[PDB]
$ cat structure14.pdb   # PDB, C-alpha atoms
ATOM      1  CA  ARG A 940      10.024  24.595 -21.904
ATOM      2  CA  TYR A 941      10.938  27.991 -20.435
ATOM      3  CA  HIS A 942      12.528  29.656 -17.437
ATOM      4  CA  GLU A 943      12.143  33.070 -19.057
ATOM      5  CA  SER A 944      14.851  34.935 -17.214
ATOM      6  CA  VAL A 945      16.333  38.320 -16.870
ATOM      7  CA  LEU A 946      20.081  37.558 -17.397
ATOM      8  CA  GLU A 947      21.361  40.788 -15.766
ATOM      9  CA  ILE A 948      23.491  41.998 -18.690
ATOM     10  CA  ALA A 949      26.638  42.333 -16.554
ATOM     11  CA  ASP A 950      26.877  38.536 -16.591
ATOM     12  CA  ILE A 951      27.879  38.746 -20.247
ATOM     13  CA  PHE A 952      30.306  41.668 -20.531
ATOM     14  CA  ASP A 953      33.656  41.635 -18.761
ATOM     15  CA  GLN A 954      34.413  45.395 -19.091
ATOM     16  CA  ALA A 955      31.653  46.557 -16.731
ATOM     17  CA  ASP A 956      32.385  50.286 -17.193
ATOM     18  CA  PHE A 957      29.256  50.712 -19.350
ATOM     19  CA  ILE A 958      26.947  48.204 -17.706
ATOM     20  CA  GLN A 959      24.870  49.857 -14.984
ATOM     21  CA  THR A 960      21.638  49.596 -12.963
ATOM     22  CA  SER A 961      20.120  46.052 -13.031
ATOM     23  CA  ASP A 962      17.297  43.347 -13.542
ATOM     24  CA  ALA A 963      15.635  45.343 -10.880
ATOM     25  CA  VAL A 964      14.421  47.738 -13.668
ATOM     26  CA  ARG A 965      12.559  45.075 -15.740
ATOM     27  CA  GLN A 966      10.787  44.315 -12.515
ATOM     28  CA  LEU A 967       9.564  47.910 -12.430
ATOM     29  CA  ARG A 968       8.881  48.723 -15.969
ATOM     30  CA  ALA A 969       7.040  45.477 -16.191
ATOM     31  CA  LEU A 970       4.555  47.269 -13.877
ATOM     32  CA  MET A 971       4.321  50.585 -15.680
ATOM     33  CA  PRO A 972       1.104  50.519 -17.774
ATOM     34  CA  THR A 973       2.565  50.878 -21.295
ATOM     35  CA  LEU A 974       2.466  54.624 -21.966
ATOM     36  CA  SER A 975       2.048  56.629 -25.156
ATOM     37  CA  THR A 976       4.322  59.482 -26.227
ATOM     38  CA  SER A 977       1.607  61.996 -25.245
ATOM     39  CA  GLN A 978       1.304  60.107 -21.946
ATOM     40  CA  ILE A 979       4.986  60.523 -21.112
ATOM     41  CA  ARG A 980       4.996  64.176 -21.930
ATOM     42  CA  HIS A 981       2.627  64.323 -19.060
ATOM     43  CA  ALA A 982       4.440  62.028 -16.612
ATOM     44  CA  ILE A 983       7.587  64.094 -17.159
ATOM     45  CA  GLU A 984       5.847  67.470 -17.151
ATOM     46  CA  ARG A 985       4.337  66.623 -13.788
ATOM     47  CA  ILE A 986       7.513  65.276 -12.187
ATOM     48  CA  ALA A 987       9.491  68.271 -13.182
ATOM     49  CA  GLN A 988       6.632  70.248 -11.653
TER
ATOM     50  CA  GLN B   3      69.341  49.074  29.887
ATOM     51  CA  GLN B   4      70.291  46.417  27.323
ATOM     52  CA  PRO B   5      73.337  46.389  24.995
ATOM     53  CA  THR B   6      73.082  45.381  21.329
ATOM     54  CA  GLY B   7      74.230  42.807  18.760
ATOM     55  CA  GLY B   8      71.827  44.749  16.602
ATOM     56  CA  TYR B   9      69.233  46.943  18.308
ATOM     57  CA  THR B  10      66.418  45.954  16.017
ATOM     58  CA  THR B  11      66.088  42.207  15.472
ATOM     59  CA  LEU B  12      64.886  42.033  19.071
ATOM     60  CA  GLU B  13      61.180  41.376  19.712
ATOM     61  CA  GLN B  14      59.862  44.763  20.981
ATOM     62  CA  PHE B  15      61.291  46.349  17.832
ATOM     63  CA  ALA B  16      59.333  44.673  15.076
ATOM     64  CA  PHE B  17      58.010  46.507  12.067
ATOM     65  CA  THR B  18      54.604  45.534  10.726
ATOM     66  CA  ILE B  19      51.598  47.334   9.250
ATOM     67  CA  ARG B  20      48.154  46.727   7.794
ATOM     68  CA  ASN B  21      47.318  45.213   4.440
ATOM     69  CA  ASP B  22      43.773  46.604   4.348
ATOM     70  CA  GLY B  23      43.676  44.858   7.703
ATOM     71  CA  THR B  24      46.327  42.177   8.378
ATOM     72  CA  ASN B  25      49.995  43.005   9.108
ATOM     73  CA  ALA B  26      52.779  41.721   6.914
ATOM     74  CA  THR B  27      56.330  42.948   7.363
ATOM     75  CA  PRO B  28      56.791  45.907   4.943
ATOM     76  CA  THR B  29      58.994  43.978   2.505
ATOM     77  CA  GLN B  30      55.804  42.031   1.905
ATOM     78  CA  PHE B  31      53.790  45.191   1.243
ATOM     79  CA  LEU B  32      56.247  46.860  -1.120
ATOM     80  CA  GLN B  33      56.296  43.820  -3.363
ATOM     81  CA  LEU B  34      52.785  44.896  -4.372
ATOM     82  CA  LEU B  35      53.816  47.990  -6.345
ATOM     83  CA  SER B  36      54.046  48.784 -10.062
ATOM     84  CA  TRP B  37      55.967  51.394 -12.055
ATOM     85  CA  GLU B  38      55.052  52.835 -15.453
ATOM     86  CA  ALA B  39      58.222  54.738 -16.477
ATOM     87  CA  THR B  40      57.805  58.205 -17.973
ATOM     88  CA  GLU B  41      60.384  60.297 -19.821
ATOM     89  CA  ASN B  42      62.867  62.269 -17.734
ATOM     90  CA  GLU B  43      65.398  60.614 -15.457
ATOM     91  CA  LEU B  44      66.491  61.093 -11.868
ATOM     92  CA  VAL B  45      70.219  61.543 -12.112
ATOM     93  CA  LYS B  46      71.244  61.250  -8.457
ATOM     94  CA  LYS B  47      73.807  63.862  -7.445
ATOM     95  CA  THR B  48      75.640  64.181  -4.113
ATOM     96  CA  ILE B  49      74.091  64.752  -0.717
ATOM     97  CA  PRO B  50      75.894  67.808   0.701
ATOM     98  CA  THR B  51      77.780  66.491   3.732
ATOM     99  CA  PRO B  52      75.912  67.514   6.947
ATOM    100  CA  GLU B  53      76.282  70.880   8.668
ATOM    101  CA  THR B  54      78.704  69.428  11.258
ATOM    102  CA  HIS B  55      77.968  72.019  14.018
ATOM    103  CA  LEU B  56      74.959  70.909  16.111
ATOM    104  CA  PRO B  57      72.664  72.958  18.417
ATOM    105  CA  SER B  58      73.889  73.882  21.890
ATOM    106  CA  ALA B  59      72.742  71.610  24.707
ATOM    107  CA  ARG B  60      70.210  73.505  26.754
ATOM    108  CA  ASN B  61      68.944  71.814  29.900
ATOM    109  CA  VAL B  62      65.285  72.846  29.439
ATOM    110  CA  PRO B  63      62.762  71.340  31.838
ATOM    111  CA  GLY B  64      60.863  68.241  30.733
ATOM    112  CA  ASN B  65      60.767  64.855  29.018
ATOM    113  CA  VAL B  66      61.485  65.278  25.359
ATOM    114  CA  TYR B  67      59.469  62.633  23.545
ATOM    115  CA  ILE B  68      61.750  61.955  20.624
ATOM    116  CA  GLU B  69      60.915  58.748  18.819
ATOM    117  CA  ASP B  70      57.323  59.795  18.692
ATOM    118  CA  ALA B  71      58.025  63.381  17.743
ATOM    119  CA  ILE B  72      60.651  62.765  15.082
ATOM    120  CA  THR B  73      58.162  60.549  13.383
ATOM    121  CA  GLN B  74      55.014  62.546  13.970
ATOM    122  CA  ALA B  75      56.887  65.018  11.890
ATOM    123  CA  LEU B  76      58.292  62.807   9.183
ATOM    124  CA  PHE B  77      55.135  60.900   8.287
ATOM    125  CA  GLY B  78      52.599  62.078  10.668
ATOM    126  CA  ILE B  79      49.413  63.712   9.419
ATOM    127  CA  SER B  80      50.370  67.289  10.279
ATOM    128  CA  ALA B  81      52.868  68.007  13.066
ATOM    129  CA  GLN B  82      51.580  71.565  13.561
ATOM    130  CA  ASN B  83      54.990  73.016  14.430
ATOM    131  CA  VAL B  84      58.011  70.832  13.855
ATOM    132  CA  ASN B  85      61.602  72.124  14.198
ATOM    133  CA  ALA B  86      61.638  74.063  17.448
ATOM    134  CA  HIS B  87      65.099  73.420  18.874
ATOM    135  CA  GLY B  88      63.455  72.846  22.227
ATOM    136  CA  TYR B  89      63.205  69.115  21.560
ATOM    137  CA  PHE B  90      66.582  68.899  19.857
ATOM    138  CA  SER B  91      68.628  71.326  21.846
ATOM    139  CA  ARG B  92      67.785  68.847  24.584
ATOM    140  CA  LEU B  93      68.470  65.838  22.377
ATOM    141  CA  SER B  94      71.844  67.336  21.763
ATOM    142  CA  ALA B  95      72.946  66.682  25.350
ATOM    143  CA  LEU B  96      72.847  62.941  24.771
ATOM    144  CA  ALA B  97      75.702  63.567  22.359
ATOM    145  CA  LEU B  98      78.223  64.374  25.089
ATOM    146  CA  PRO B  99      81.108  62.271  26.519
ATOM    147  CA  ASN B 100      79.416  62.138  29.928
ATOM    148  CA  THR B 101      75.852  62.970  30.941
ATOM    149  CA  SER B 102      72.848  61.825  32.913
ATOM    150  CA  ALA B 103      70.076  62.218  30.366
ATOM    151  CA  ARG B 104      69.384  58.641  29.381
ATOM    152  CA  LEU B 105      67.357  57.902  26.244
ATOM    153  CA  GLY B 106      64.373  55.952  27.516
ATOM    154  CA  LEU B 107      63.631  52.729  25.676
ATOM    155  CA  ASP B 108      60.025  53.690  24.839
ATOM    156  CA  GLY B 109      61.511  56.710  23.053
ATOM    157  CA  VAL B 110      62.227  59.570  25.443
ATOM    158  CA  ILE B 111      64.850  61.575  27.288
ATOM    159  CA  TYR B 112      65.425  61.572  31.054
ATOM    160  CA  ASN B 113      67.847  62.621  33.802
ATOM    161  CA  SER B 114      70.113  60.854  36.317
ATOM    162  CA  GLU B 115      68.419  57.527  37.036
ATOM    163  CA  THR B 116      65.405  57.353  34.726
ATOM    164  CA  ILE B 117      64.040  54.735  37.124
ATOM    165  CA  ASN B 118      62.134  51.737  35.789
ATOM    166  CA  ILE B 119      62.395  52.713  32.111
ATOM    167  CA  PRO B 120      65.137  50.464  30.622
ATOM    168  CA  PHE B 121      67.019  53.028  28.495
ATOM    169  CA  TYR B 122      69.457  52.318  25.662
ATOM    170  CA  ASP B 123      73.204  51.639  25.814
ATOM    171  CA  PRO B 124      74.781  54.978  26.743
ATOM    172  CA  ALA B 125      77.360  54.551  23.986
ATOM    173  CA  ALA B 126      75.071  53.599  21.088
ATOM    174  CA  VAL B 127      72.830  56.570  21.700
ATOM    175  CA  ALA B 128      75.990  58.653  22.020
ATOM    176  CA  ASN B 129      76.949  58.092  18.350
ATOM    177  CA  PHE B 130      73.292  58.463  17.469
ATOM    178  CA  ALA B 131      72.424  61.948  18.734
ATOM    179  CA  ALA B 132      75.814  62.921  17.335
ATOM    180  CA  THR B 133      74.238  63.415  13.916
ATOM    181  CA  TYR B 134      70.492  63.397  14.421
ATOM    182  CA  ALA B 135      70.797  66.462  16.578
ATOM    183  CA  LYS B 136      72.004  68.509  13.614
ATOM    184  CA  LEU B 137      68.490  67.685  12.539
ATOM    185  CA  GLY B 138      67.482  70.610  14.717
ATOM    186  CA  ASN B 139      69.160  72.910  12.210
ATOM    187  CA  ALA B 140      67.070  72.429   9.094
ATOM    188  CA  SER B 141      65.081  75.397  10.389
ATOM    189  CA  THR B 142      67.894  78.019  10.166
ATOM    190  CA  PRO B 143      68.631  79.868   6.833
ATOM    191  CA  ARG B 144      72.216  78.783   6.365
ATOM    192  CA  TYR B 145      71.582  75.112   6.969
ATOM    193  CA  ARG B 146      68.417  74.234   5.026
ATOM    194  CA  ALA B 147      68.763  70.806   3.443
ATOM    195  CA  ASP B 148      67.918  71.850  -0.136
ATOM    196  CA  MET B 149      65.299  69.098  -0.887
ATOM    197  CA  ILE B 150      64.637  68.466  -4.671
ATOM    198  CA  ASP B 151      68.127  66.898  -5.197
ATOM    199  CA  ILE B 152      67.621  64.710  -2.162
ATOM    200  CA  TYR B 153      64.381  63.262  -3.555
ATOM    201  CA  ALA B 154      66.394  62.144  -6.575
ATOM    202  CA  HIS B 155      68.083  59.882  -4.150
ATOM    203  CA  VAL B 156      64.964  58.730  -2.390
ATOM    204  CA  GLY B 157      63.929  57.183  -5.683
ATOM    205  CA  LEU B 158      66.486  54.869  -7.225
ATOM    206  CA  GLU B 159      66.733  54.111  -3.559
ATOM    207  CA  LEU B 160      63.026  53.136  -3.274
ATOM    208  CA  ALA B 161      62.017  51.974  -6.682
ATOM    209  CA  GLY B 162      64.617  51.524  -9.280
ATOM    210  CA  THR B 163      65.406  47.819  -9.550
ATOM    211  CA  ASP B 164      68.577  46.699  -7.774
ATOM    212  CA  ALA B 165      71.928  47.186  -9.534
ATOM    213  CA  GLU B 166      70.503  48.022 -12.968
ATOM    214  CA  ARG B 167      69.017  51.312 -11.804
ATOM    215  CA  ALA B 168      71.390  51.424  -8.818
ATOM    216  CA  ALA B 169      73.767  52.992 -11.326
ATOM    217  CA  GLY B 170      72.929  56.667 -10.854
ATOM    218  CA  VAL B 171      69.919  57.030 -13.186
ATOM    219  CA  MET B 172      66.373  55.964 -14.056
ATOM    220  CA  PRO B 173      62.954  57.317 -15.278
ATOM    221  CA  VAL B 174      60.464  58.853 -12.859
ATOM    222  CA  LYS B 175      58.121  56.000 -12.275
ATOM    223  CA  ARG B 176      54.481  56.626 -11.683
ATOM    224  CA  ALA B 177      53.529  54.190  -9.082
ATOM    225  CA  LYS B 178      50.307  52.414  -8.628
ATOM    226  CA  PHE B 179      48.882  49.493  -6.587
ATOM    227  CA  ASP B 180      45.748  47.611  -5.482
ATOM    228  CA  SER B 181      44.640  49.720  -2.517
ATOM    229  CA  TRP B 182      41.675  49.748  -0.145
ATOM    230  CA  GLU B 183      40.063  53.173   0.283
ATOM    231  CA  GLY B 184      41.917  55.704   2.416
ATOM    232  CA  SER B 185      44.853  53.367   1.832
ATOM    233  CA  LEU B 186      47.828  55.710   1.804
ATOM    234  CA  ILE B 187      46.978  57.496   5.063
ATOM    235  CA  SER B 188      45.774  54.515   7.021
ATOM    236  CA  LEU B 189      49.117  52.983   6.024
ATOM    237  CA  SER B 190      51.108  56.044   7.140
ATOM    238  CA  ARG B 191      49.693  55.901  10.573
ATOM    239  CA  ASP B 192      50.449  52.283  11.020
ATOM    240  CA  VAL B 193      53.975  53.819  10.460
ATOM    241  CA  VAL B 194      53.613  56.868  12.743
ATOM    242  CA  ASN B 195      53.092  54.185  15.265
ATOM    243  CA  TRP B 196      56.396  52.437  14.333
ATOM    244  CA  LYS B 197      59.475  52.533  16.699
ATOM    245  CA  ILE B 198      62.030  54.477  14.702
ATOM    246  CA  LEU B 199      64.965  55.001  17.072
ATOM    247  CA  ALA B 200      65.433  51.270  17.290
ATOM    248  CA  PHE B 201      66.226  51.586  13.595
ATOM    249  CA  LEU B 202      68.572  54.597  13.762
ATOM    250  CA  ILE B 203      70.400  53.989  17.027
ATOM    251  CA  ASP B 204      71.271  50.698  15.347
ATOM    252  CA  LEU B 205      72.024  52.429  12.020
ATOM    253  CA  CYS B 206      74.365  54.967  13.628
ATOM    254  CA  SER B 207      76.198  52.375  15.677
ATOM    255  CA  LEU B 208      76.748  48.834  14.361
ATOM    256  CA  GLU B 209      80.460  48.495  13.506
ATOM    257  CA  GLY B 210      81.058  47.779   9.828
ATOM    258  CA  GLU B 211      80.615  44.109   8.831
ATOM    259  CA  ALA B 212      77.544  43.940  11.012
ATOM    260  CA  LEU B 213      76.405  47.277   9.596
ATOM    261  CA  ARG B 214      76.106  45.795   6.094
ATOM    262  CA  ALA B 215      74.453  42.680   7.340
ATOM    263  CA  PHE B 216      71.971  45.164   8.964
ATOM    264  CA  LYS B 217      71.555  47.279   5.832
ATOM    265  CA  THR B 218      70.265  44.177   4.108
ATOM    266  CA  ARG B 219      68.030  43.224   6.959
ATOM    267  CA  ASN B 220      66.172  46.559   6.887
ATOM    268  CA  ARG B 221      66.561  47.146   3.206
ATOM    269  CA  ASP B 222      62.789  46.976   3.152
ATOM    270  CA  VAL B 223      61.869  48.413   6.473
ATOM    271  CA  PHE B 224      63.832  51.414   5.190
ATOM    272  CA  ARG B 225      62.327  51.555   1.722
ATOM    273  CA  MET B 226      58.933  51.414   3.391
ATOM    274  CA  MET B 227      60.030  54.177   5.741
ATOM    275  CA  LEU B 228      60.117  56.605   2.859
ATOM    276  CA  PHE B 229      57.633  55.181   0.422
ATOM    277  CA  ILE B 230      54.802  56.475   2.570
ATOM    278  CA  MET B 231      57.170  59.423   3.167
ATOM    279  CA  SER B 232      57.742  60.307  -0.554
ATOM    280  CA  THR B 233      54.075  60.092  -1.385
ATOM    281  CA  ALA B 234      53.666  63.006   0.926
ATOM    282  CA  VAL B 235      55.438  65.063  -1.768
ATOM    283  CA  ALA B 236      54.614  63.301  -5.090
ATOM    284  CA  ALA B 237      52.228  65.564  -7.038
ATOM    285  CA  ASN B 238      48.910  64.169  -8.080
ATOM    286  CA  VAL B 239      47.641  60.909  -6.661
ATOM    287  CA  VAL B 240      44.380  59.534  -8.005
ATOM    288  CA  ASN B 241      42.702  56.284  -8.206
ATOM    289  CA  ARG B 242      42.924  54.373 -11.431
ATOM    290  CA  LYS B 243      40.089  52.180 -11.992
ATOM    291  CA  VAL B 244      40.621  48.590 -13.161
ATOM    292  CA  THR B 245      38.092  45.760 -12.749
ATOM    293  CA  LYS B 246      36.174  46.270  -9.496
ATOM    294  CA  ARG B 247      39.513  46.446  -7.691
ATOM    295  CA  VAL B 248      40.889  49.953  -7.293
ATOM    296  CA  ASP B 249      44.467  50.972  -7.939
ATOM    297  CA  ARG B 250      45.943  54.019  -6.220
ATOM    298  CA  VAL B 251      48.063  55.888  -8.766
ATOM    299  CA  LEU B 252      50.892  58.205  -7.639
ATOM    300  CA  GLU B 253      51.940  61.142  -9.839
ATOM    301  CA  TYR B 254      55.722  60.623  -9.867
ATOM    302  CA  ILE B 255      57.701  58.575  -7.394
ATOM    303  CA  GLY B 256      60.915  60.578  -7.140
ATOM    304  CA  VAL B 257      60.091  64.039  -8.395
ATOM    305  CA  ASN B 258      59.340  66.007  -5.225
ATOM    306  CA  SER B 259      56.870  68.659  -6.334
ATOM    307  CA  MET B 260      57.142  70.990  -3.348
ATOM    308  CA  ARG B 261      53.368  71.003  -2.871
ATOM    309  CA  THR B 262      51.988  72.221   0.452
ATOM    310  CA  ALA B 263      48.185  72.098   0.301
ATOM    311  CA  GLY B 264      46.211  69.292   1.900
ATOM    312  CA  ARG B 265      45.241  66.343  -0.282
ATOM    313  CA  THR B 266      42.967  63.641   1.013
ATOM    314  CA  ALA B 267      44.501  60.558  -0.416
ATOM    315  CA  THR B 268      47.687  61.276   1.544
ATOM    316  CA  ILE B 269      49.793  63.084   4.127
ATOM    317  CA  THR B 270      50.835  66.633   3.289
ATOM    318  CA  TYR B 271      53.862  68.614   4.179
ATOM    319  CA  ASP B 272      53.286  72.149   5.496
ATOM    320  CA  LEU B 273      56.110  74.232   3.989
ATOM    321  CA  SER B 274      58.387  74.022   7.029
ATOM    322  CA  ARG B 275      57.820  70.266   7.197
ATOM    323  CA  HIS B 276      59.770  69.950   3.941
ATOM    324  CA  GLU B 277      62.325  72.019   5.556
ATOM    325  CA  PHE B 278      62.455  69.172   8.089
ATOM    326  CA  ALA B 279      62.101  66.006   5.962
ATOM    327  CA  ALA B 280      64.478  67.322   3.409
ATOM    328  CA  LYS B 281      67.064  67.613   6.183
ATOM    329  CA  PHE B 282      66.261  64.302   7.812
ATOM    330  CA  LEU B 283      66.879  62.518   4.527
ATOM    331  CA  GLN B 284      70.105  64.291   3.962
ATOM    332  CA  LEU B 285      71.372  62.614   7.102
ATOM    333  CA  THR B 286      69.919  59.140   6.794
ATOM    334  CA  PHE B 287      71.193  58.958   3.251
ATOM    335  CA  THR B 288      74.638  60.304   3.826
ATOM    336  CA  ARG B 289      74.686  57.591   6.485
ATOM    337  CA  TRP B 290      73.023  54.714   4.552
ATOM    338  CA  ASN B 291      75.864  55.177   2.133
ATOM    339  CA  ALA B 292      79.321  54.324   3.456
TER
END
$ encode --input "structure14.pdb" --output "structure tokens"
Amino acid sequence: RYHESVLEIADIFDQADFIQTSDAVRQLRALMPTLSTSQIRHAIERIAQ
Amino acid sequence: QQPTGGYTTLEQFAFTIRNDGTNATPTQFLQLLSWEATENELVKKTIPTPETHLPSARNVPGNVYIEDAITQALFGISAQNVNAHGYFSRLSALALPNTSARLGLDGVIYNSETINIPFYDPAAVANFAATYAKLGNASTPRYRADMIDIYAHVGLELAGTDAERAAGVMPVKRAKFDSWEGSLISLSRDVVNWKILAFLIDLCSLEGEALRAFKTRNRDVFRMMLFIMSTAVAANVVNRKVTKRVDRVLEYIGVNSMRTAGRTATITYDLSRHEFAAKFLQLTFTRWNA
């Protein structure tokens, strides 16, 4: 029985001076096709480009 | 042309503001401040009794806007060129035993029959301009007010808990409060707008028993008068973060730092503006105390 949920971290810590961004990222990385280390060297090398 | 019984305490002359948006009579806004104490002390000294001799009354052609101008200068936002005699030489006149120049209710100076404009009692204003004309001296070399001593007073006067600290000393208190972005300045202008004269004409007149009753009534309007005013001088002002709410933090509430640049969080005195405020306080204070 699950409602697998994101629980945006901030709704756990009271001193939100570290907490940042949001559940919005899991949404996004969920899409990225899992990359390899060699793969990222490339994604980064080409962004910087 | 109405008498008194207390010039303030009469509709038209109400003192309100903006609490991020509302109003609230200043007493209500100052009860939202906090002071961390910090070494030192602000041993109040003695305001040097005023420079008795006031500027010569020069006719000059025009309508000297005085309520507005005095304040534009005290807690304005930059009064370009304050102290210029022009406005005060004229204001001096009002301080004579018999004249025409009536002090227009809205806050101005006229001639013979101002017409329409319901000026102030001719007597009240008489005692008023008596001192606040000298105010057009602060410019000249031999009459400067000598400001850092004066700010000692502003403090136990503004902060410093009643009695306890109303005993000559206290620690510079770094003041902070829950603000609302561009808080200090927005607040100052609600005050530039304020009707000062109503406060002074009453302060320089009211007999003696009534005067004290009055001191208590504007204890706060007056503290508020200079809180916004002192922050002009207080050194650094930054925002202290807390928990989503922001808290404006003020360097030192009492230690005038003689700074003249242009911050953003607040007003800023040009150099000559200190020459003016320093002097204005010398008078209100010598007077507040009696």
$ atom_distance --input "structure14.pdb" --atom1 "CA of residue 268 in chain B" --atom2 "CA of residue 151 in chain B"
22.2 Å
$ interface_residues --input "structure14.pdb" --of "chain A" --to "chain B" --cutoff "10 Å" --atoms "all atoms listed in the file" --output "list in words"
residues 953, 954, 955 and 956 of chain A
$ closest_residue --input "structure14.pdb" --among "B:87, B:155, B:197, B:247" --to "residue 47 in chain B" --atoms "only C-alpha atoms"
B:155
$ atom_distance --input "structure14.pdb" --atom1 "CA of residue 65 in chain B" --atom2 "CA of residue 93 in chain B"
10.2 Å
$ resolve_selection --input "structure14.pdb" --expression "the PyMOL selection byres ((chain A and resi 941-952) around 12)" --output "PyMOL selection string"
(chain A and resi 940+953-966+969) or (chain B and resi 245)
$ resolve_selection --input "structure14.pdb" --expression "the PyMOL selection byres ((chain B and resi 209-218) around 10)" --output "VMD selection string"
chain B and resid 7 to 11 201 204 to 208 219 to 224 290 to 292
$ atom_distance --input "structure14.pdb" --atom1 "CA of residue 253 in chain B" --atom2 "CA of residue 165 in chain B"
24.4 Å
$ resolve_selection --input "structure14.pdb" --expression "the PyMOL selection byres ((chain B and resi 178) around 12)" --output "PyMOL selection string"
chain B and resi 32-39+161+175-177+179-181+185-186+229+233+238-244+248-255
$ axis_aligned_box --input "structure14.pdb" --around "range 960-965 of chain A" --padding-each-side "3 Å" --output "AutoDock Vina command-line options"
--center_x 17.1 --center_y 46.5 --center_z -13.3 --size_x 15.1 --size_y 12.2 --size_z 10.9
